[PDB]
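Single chain ahead, written as structure tokens, the form deposited in one PDB entry.
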């Protein structure tokens, strides 16, 4: 896959850290030669991470042509630190945008959901799971394309699972079923479908349900037997299709939750009038206001 064995700072200059920690170590950078702006993500490499596996995963990312996946431009290995070069989105995430433009329109939310579903179906078709669908992780590039970042690499999943070990504690005494559950963490492809439903509410109300309750209490609320899937709080403001999209995506039982493929036949994401223009208006509103 031709992963560079060079210090990426040999070719780029870091300008700005992105995400405030929510993205990890991700930087806005400038191609020294061409001056092009890119995003460099640094995935710390453990000695255990087999570079043979890395090469296979990077090849998959390099050959990706899906319009809803963040563009891969190359990668670097230097001092056991893997760097991935991708497109830089001046607009950033949808969270960066609606924090300025405000509530997104139903059609705009519909376009976003359709595009994210298309991307989710591509990831799921590779037996990948995103696990963190949310406004902060859906990116709008300068051309108005909705894209998800594909970080399906063992070194990244290993880092996430490294925090999961600090969460569950020491494993030496754990039963196999406890270790298996803790490892998977309940994450399954259809969990991205639920997360998208929540995101649609986030884009519609500028925050997810129960955001006014501190996390610990929400975890106990979510896991009550009678926990009910959230809904939009302003009925009249939205069509029956939007409400139904939420109802269907936010199915409590994973077995009965529809896949990304099936969801693409839903009225809200199949309706006429969904075109890139909707995002170009949003970008205009962000750059120039009212």
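By rigid core we mean the largest C-alpha set that fits within 1.5 Å across both forms. Numbering follows the first chain given and starts at 1.
Which of the two stretches, 261-269 or 25-33, shows the higher mean Cα temperature factor in the record? That would be 25-33.
Decide which of the stretches 249-257 and 43-51 has the higher mean C-alpha B-factor, going by the entry. In the deposited entry, the stretch with the higher C-alpha B-factor mean is 43-51.
Check the PDB entry and point out which of 126, 105, 170, 75 has the largest C-alpha temperature factor. Going by the entry's C-alpha B-factors, 75 comes out highest.
Out of 114, 134, 81, 131, which residue has the highest Cα temperature factor in the PDB record? Result of the comparison over 114, 134, 81, 131: 81.
By the record's CA B-factor, is residue 147 among the lowest, middle or highest third of residues in the chain? As the PDB entry reports it, the C-alpha B-factor of residue 147 lands in the lowest third of its chain.
Place residue 66 in the lowest, middle or highest third of its chain's C-alpha B-factors, as listed in the PDB entry. Ranked within chain, residue 66 CA B lands in the middle tercile.
Comparing against every modelled residue in the chain, figure out the third that the C-alpha B-factor of residue 242 lands in (lowest, middle or highest). Answer is lowest: the recorded C-alpha B-factor places it there.
State the tercile, meaning the lowest, middle or highest third, of residue 11 with respect to the CA B-factors recorded for its chain. Residue 11: CA B-factor falls in the highest third of its chain.
Could you say whether, by C-alpha temperature factor, residue 141 belongs to the lowest, middle or highest third of its chain? Middle third by C-alpha B-factor.
Below, we refer to the form deposited in another entry, which is not included among the displayed structures.
Looking between this form and the one not shown after fitting on the rigid core, I'd like to know which of 237, 32, 233, 252 has a C-alpha displacement of 2 Å or more. Result of the comparison: 32.
Using a superposition on the rigid core, decide whether the Cα position of residue 82 changes by 2 angstroms or more between this form and the one not shown. Residue 82 C-alpha, core-superposed: shift of 2 Å or more.
Threshold 2 Å Cα movement between this form and the one not shown at residue 151, rigid core reference: Residue 151: C-alpha displaced by 2 Å or more between this form and the one not shown.
Under a superposition restricted to the rigid core, does residue 160 display a Cα displacement of 2 angstroms or more between this form and the one not shown? Comparing forms between this form and the one not shown, the residue 160 CA shifts at least 2 Å.
Can you confirm the direction of the Cα distance change for residue 135 and residue 161 in the other entry, closer or farther than in this form, given it is 3 Å or more? It is farther: the C-alpha separation of residue 135 and residue 161 rises by at least 3 Å in the other entry.
In the other entry, the Cα separation between residue 195 and residue 54 changes by 3 Å or more relative to the shown form; did it shrink or grow? Relative to the shown form, the pair is closer.
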